[PDB]
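Chemist: The structure that follows is given in the form of structure tokens.
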Amino acid sequence: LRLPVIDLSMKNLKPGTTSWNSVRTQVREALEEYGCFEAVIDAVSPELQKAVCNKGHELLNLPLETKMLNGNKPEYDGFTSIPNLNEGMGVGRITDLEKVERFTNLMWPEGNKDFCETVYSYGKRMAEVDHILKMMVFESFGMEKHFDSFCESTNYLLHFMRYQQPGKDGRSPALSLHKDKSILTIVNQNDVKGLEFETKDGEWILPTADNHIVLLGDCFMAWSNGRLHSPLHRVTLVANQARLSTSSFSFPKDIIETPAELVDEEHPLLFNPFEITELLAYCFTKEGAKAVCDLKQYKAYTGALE
Ligand SMILES: [Fe+3]
């Protein structure tokens, strides 16, 4: 039980090249079988990775009243906390420099150029990794001519989750089982492990914290008509130390729609089209939390599997 490891060294990785075609096959197979993979990413230096970790702590160290200024939508960017367990919040529209500048001046009226420049740089570099990976998936399904339309006005999110020292060694649950509602999520654990995936079998893979982890969200699973797997995951601390994760999410401009090419006799249409803002909100309500672990419990489900 160990994840695929995919070398996304940007060197040599241009469309049409030999290395690109090899990496494309690895990405498609990993996201079909596991829904995730460890990724070696040099689009971001170790120096920038540590700077973004420091910026996450600086944001989460602000007063509660300041963090609340980022709104009441914890399904996307809003401040969330389970007392004595975890806290988190996000920078929405991280690839829009004007939106990052506004967010920064909301949090730091006297200014914080270091925070704004660091997080925008990381968001831009990780969005290119997301773009390349989606492109490889589209190419793998014969859909490269539909790719630019899919990607128009992609929404990117940078999200920090912090986990308090659990007070014990061994094993301390810290975040509950869910599927992400992104297209892709790219996670860095900042040298402390705990992210844990359920296999299709029902086994558990707890990777080390040396590399980025790519995982599929329910938007890509729906786009693929269930051909790709969105994996169930949770966080379990394995040591008495604090943990901060840095995660990059892609979301569509508005609608996800499954292309006709991926529907056939053996693969009936699983999901009607749906709006991401509605899905995200719904999963955070009492009546809609059934959809957190399974998009088939959402209103878009066709009932095809009877
Ligand atoms: Fe997640």
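By convention here, the chains of the structure tokens are called A, B, ... in the order presented, each chain's residues are numbered starting at 1, and ligands are numbered starting at 1 in the order presented.
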Write as a VMD selection string the residues around ligand 1, taking 8 Å as the cut-off and counting only C-alpha atoms and all ligand atoms.
Modeler: chain A and resid 178 to 180 185 233 to 234
Chemist: Would you please give, as an MDAnalysis selection string, all residues of range 35-276 of chain A that DSSP assigns to strand (DSSP E or B) based on the backbone?
Modeler: chainID A and resid 36:40 80:82 86:92 155:163 172:178 184:188 195:198 204:205 212:216 233:237 243:251 255:256 264 267 271 274:275
Chemist: Per residue of range 144-201 of chain A within 10 Å of range 24-41 of chain A, which atom pair is closest and at what distance in Å (one decimal), using only C-alpha atoms, listed by chain and increasing number, as a Markdown table?
Modeler:
| residue | atom | partner | partner_atom | distance |
| --- | --- | --- | --- | --- |
| A:184 | CA | A:36 | CA | 9.4 |
| A:185 | CA | A:36 | CA | 9.3 |
| A:186 | CA | A:39 | CA | 8.9 |
| A:187 | CA | A:38 | CA | 9.5 |
| A:188 | CA | A:39 | CA | 9.9 |
| A:197 | CA | A:36 | CA | 8.6 |
| A:198 | CA | A:34 | CA | 8.7 |
| A:199 | CA | A:34 | CA | 6.4 |
| A:200 | CA | A:34 | CA | 7.4 |
Chemist: Quick one: residues within 9 Å of range 264-278 of chain A, only C-alpha atoms, excluding same-chain residues fewer than 5 positions away - as a list in words?
Modeler: residues 76, 181, 182, 219, 222, 223, 225, 226, 227, 251, 252, 253, 254, 255, 256, 257, 258, 283, 295, 296, 299, 300, 301, 302, 303, 304 and 305 of chain A
Chemist: Next, write the just-selected residues to a file, as a CSV table (one decimal), in the first residue's frame, keeping N, CA, C and O atoms as the atom set.
Modeler:
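So selection07.csv came out as:
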chain,number,residue,atom,x,y,z
A,76,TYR,N,-15.6,27.5,1.3
A,76,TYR,CA,-14.7,28.0,0.3
A,76,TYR,C,-13.5,28.6,1.1
A,76,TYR,O,-12.5,27.9,1.2
A,181,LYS,N,-14.5,18.9,-3.2
A,181,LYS,CA,-15.5,19.3,-4.3
A,181,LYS,C,-14.7,20.2,-5.3
A,181,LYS,O,-15.4,20.9,-6.1
A,182,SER,N,-13.4,20.1,-5.4
A,182,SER,CA,-12.6,20.7,-6.4
A,182,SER,C,-12.6,19.9,-7.7
A,182,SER,O,-13.2,18.8,-7.8
A,219,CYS,N,-15.7,17.4,-8.7
A,219,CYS,CA,-16.0,18.1,-10.0
A,219,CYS,C,-15.3,17.3,-11.2
A,219,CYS,O,-15.9,17.1,-12.2
A,222,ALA,N,-17.1,13.9,-11.7
A,222,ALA,CA,-18.4,14.1,-12.4
A,222,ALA,C,-18.1,14.4,-13.9
A,222,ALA,O,-18.8,13.8,-14.8
A,223,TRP,N,-17.2,15.2,-14.2
A,223,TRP,CA,-16.8,15.5,-15.6
A,223,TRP,C,-16.4,14.2,-16.3
A,223,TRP,O,-16.9,14.0,-17.4
A,225,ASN,N,-17.5,11.3,-15.8
A,225,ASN,CA,-18.7,10.3,-15.7
A,225,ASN,C,-18.3,9.1,-14.8
A,225,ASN,O,-18.8,8.0,-15.1
A,226,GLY,N,-17.6,9.4,-13.8
A,226,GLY,CA,-17.2,8.3,-12.8
A,226,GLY,C,-16.0,7.5,-13.3
A,226,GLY,O,-15.7,6.5,-12.7
A,227,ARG,N,-15.3,7.8,-14.5
A,227,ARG,CA,-14.2,7.0,-15.0
A,227,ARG,C,-13.0,7.3,-14.1
A,227,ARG,O,-12.2,6.4,-14.0
A,251,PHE,N,-11.6,25.3,-9.1
A,251,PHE,CA,-13.0,25.1,-9.2
A,251,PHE,C,-13.4,25.7,-10.6
A,251,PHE,O,-12.8,26.6,-11.1
A,252,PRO,N,-14.5,25.2,-11.2
A,252,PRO,CA,-15.0,25.7,-12.4
A,252,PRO,C,-15.5,27.2,-12.2
A,252,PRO,O,-15.9,27.5,-11.1
A,253,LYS,N,-15.6,27.9,-13.3
A,253,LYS,CA,-16.2,29.3,-13.3
A,253,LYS,C,-17.6,29.2,-12.7
A,253,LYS,O,-17.9,30.0,-11.9
A,254,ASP,N,-18.4,28.2,-13.1
A,254,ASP,CA,-19.8,28.0,-12.6
A,254,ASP,C,-20.2,26.6,-12.7
A,254,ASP,O,-20.3,25.9,-11.7
A,255,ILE,N,-20.5,26.1,-14.0
A,255,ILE,CA,-21.2,24.7,-14.1
A,255,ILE,C,-20.2,23.6,-14.4
A,255,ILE,O,-19.1,23.9,-15.0
A,256,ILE,N,-20.4,22.5,-13.9
A,256,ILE,CA,-19.8,21.2,-14.4
A,256,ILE,C,-20.9,20.5,-15.2
A,256,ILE,O,-22.0,20.3,-14.7
A,257,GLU,N,-20.5,20.1,-16.4
A,257,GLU,CA,-21.3,19.2,-17.3
A,257,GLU,C,-20.4,18.1,-17.8
A,257,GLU,O,-19.3,18.4,-18.2
A,258,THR,N,-21.0,16.9,-17.8
A,258,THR,CA,-20.3,15.6,-18.3
A,258,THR,C,-20.4,15.6,-19.8
A,258,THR,O,-21.5,15.7,-20.3
A,283,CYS,N,-23.3,21.1,0.8
A,283,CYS,CA,-22.5,20.1,1.6
A,283,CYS,C,-22.3,20.7,3.0
A,283,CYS,O,-22.0,19.8,3.9
A,295,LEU,N,-21.0,12.3,-4.1
A,295,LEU,CA,-21.7,13.2,-5.0
A,295,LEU,C,-23.0,12.5,-5.4
A,295,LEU,O,-24.0,13.2,-5.8
A,296,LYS,N,-23.1,11.1,-5.3
A,296,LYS,CA,-24.4,10.4,-5.7
A,296,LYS,C,-25.5,10.8,-4.7
A,296,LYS,O,-26.7,10.5,-5.1
A,299,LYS,N,-28.4,16.3,-5.6
A,299,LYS,CA,-29.6,16.4,-6.5
A,299,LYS,C,-29.2,16.2,-8.0
A,299,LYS,O,-30.1,15.7,-8.7
A,300,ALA,N,-27.9,16.4,-8.4
A,300,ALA,CA,-27.5,16.2,-9.8
A,300,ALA,C,-27.5,14.7,-10.1
A,300,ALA,O,-27.5,14.4,-11.3
A,301,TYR,N,-27.4,13.8,-9.2
A,301,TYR,CA,-27.4,12.3,-9.5
A,301,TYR,C,-28.6,11.9,-10.3
A,301,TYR,O,-29.7,12.3,-10.0
A,302,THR,N,-28.4,11.1,-11.3
A,302,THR,CA,-29.4,10.7,-12.3
A,302,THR,C,-30.1,9.4,-11.7
A,302,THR,O,-31.3,9.2,-12.2
A,303,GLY,N,-29.5,8.7,-10.9
A,303,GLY,CA,-30.1,7.4,-10.4
A,303,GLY,C,-29.7,6.3,-11.4
A,303,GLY,O,-30.3,5.2,-11.3
A,304,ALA,N,-28.7,6.5,-12.3
A,304,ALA,CA,-28.4,5.5,-13.3
A,304,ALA,C,-28.0,4.2,-12.8
A,304,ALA,O,-28.3,3.2,-13.4
A,305,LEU,N,-27.3,4.1,-11.6
A,305,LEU,CA,-26.8,2.8,-11.1
A,305,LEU,C,-27.9,2.1,-10.4
A,305,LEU,O,-27.7,0.9,-10.0
Chemist: Provide the CA of residue 56 in chain A to CA of residue 238 in chain A distance in Å, to one decimal place.
Modeler: 21.7 Å
Chemist: So how many Å separate CA of residue 137 in chain A and CA of residue 291 in chain A, to one decimal?
Modeler: 24.7 Å
Chemist: Separation of CA of residue 176 in chain A and CA of residue 216 in chain A, in Å?
Modeler: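 CA of residue 176 in chain A sits 17.4 Å away from CA of residue 216 in chain A.
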Chemist: Calculated over only C-alpha atoms, which of the candidates A:48, A:140, A:109, A:123 has the smallest distance to residue 22 in chain A?
Modeler: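 Closest to residue 22 in chain A, using only C-alpha atoms: A:140.
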Chemist: Which one of A:220, A:160, A:122, A:141 sits closest to residue 51 in chain A if you count only C-alpha atoms?
Modeler: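 Using only C-alpha atoms, residue 51 in chain A sits closest to A:122.
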Chemist: Any idea what's packed within 6 Å of residue 89 in chain A, counting only C-alpha atoms, ignoring anything in its chain fewer than 4 positions away? Could you give it as a VMD selection string?
Modeler: chain A and resid 77 to 79 159 to 160
Chemist: What parts of range 42-80 of chain A does DSSP call helix (DSSP H, G or I)? I'd like the answer as a list in words.
Modeler: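 The residues of range 42-80 of chain A classed as helix (DSSP H, G or I) are residues 46, 47, 48, 49, 50, 51, 52, 53, 54, 55, 56, 57, 58, 59, 60, 64, 65, 66, 67 and 68 of chain A.
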Chemist: Compare A:92, A:129, A:259, A:192 by their minimum atom-to-atom distance to residue 13 in chain A, counting only C-alpha atoms, and give me the closest one.
Modeler: A:129
Chemist: Tell me which of A:57, A:131, A:193, A:162 sits closest to residue 81 in chain A, counting only C-alpha atoms.
Modeler: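 Smallest distance to residue 81 in chain A is found for A:162.
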Chemist: Please determine, counting only C-alpha atoms, which residue among A:98, A:70, A:135, A:284 has the shortest atom-to-atom distance to residue 14 in chain A.
Modeler: A:135
Chemist: Using only C-alpha atoms, find the one residue out of A:211, A:297, A:86, A:230 that sits nearest to residue 7 in chain A.
Modeler: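 Of A:211, A:297, A:86, A:230, the one nearest residue 7 in chain A, counting only C-alpha atoms, is A:211.
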Chemist: Which residues come within 12 Å of residue 50 in chain A, counting only C-alpha atoms, excluding same-chain residues fewer than 2 positions away, as a PyMOL selection string?
Modeler: chain A and resi 44-48+52-57+118-119+122+188-191+244-246
